[PDB]
Amino acid sequence: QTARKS
Amino acid sequence: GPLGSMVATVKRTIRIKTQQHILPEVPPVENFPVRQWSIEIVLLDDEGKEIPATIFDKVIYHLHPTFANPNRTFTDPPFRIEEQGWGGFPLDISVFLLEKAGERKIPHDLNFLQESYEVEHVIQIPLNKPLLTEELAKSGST
């Protein structure tokens, strides 16, 4: 749920 | 308080509505699942009720550069975009007011912290374009 891109 | 030319404007609250869920049939990317996600935009009236955001004749979602053709244009409320991906990201939503009254860049964050979540943003809108002013009357005082 906290996955984020760069 | 407003100053100078910004006195001749009204504030309206926009609500950005985001939903997302995992797509199991898509292979995870580096063990991260791929999710389908959607963003829509509505306008709130003086009482807080959602109404179609007809004060915009165009919305452009400026997606993270990992998306193909990442600038996605929509012309009809609620300007719903649907995409798939594996990571959240900040994204600017350009909303274009009627009668060339102006672009507003609304900062959004697309994330997977909830299955669905809503964020409100206040924008300032000029009162010098007759068709826009008439449209603005639907959502409150002008």
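From first to last, the protein sequence lines are chains P and C.
Residues 112 to 117 in the numbering used here are what the first sequence lists, from first letter to last.
Residues 28 to 169 in the numbering used here are what the second sequence lists, from first letter to last.
All residues carry an ideal CB built from backbone N, CA and C; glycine is no exception.
Residue-level contact check: residue 124 of chain C does not touch chain P, since none of the beta carbons of chain P fall below 8 Å from its beta carbon.
Following the DSSP letters along the chain, one finds residue 157 of chain C inside the alpha helix (DSSP H) bounded by residues 157-163.
The straight-line gap separating the alpha-carbon atoms of residue 110 of chain C and residue 114 of chain P is approximately 16 Å. The C-beta distance from residue 69 of chain C to residue 78 of chain C rounds to 7 Å, short enough to meet the 8 Å contact threshold. Of the residues assessed, residue 128 of chain C falls on the buried side of the cut-off, its CB having 16 or more other CB atoms within 10 angstroms.
In the structure shown, residue 34 of chain C adopts helical secondary structure according to DSSP, grouped into three states.
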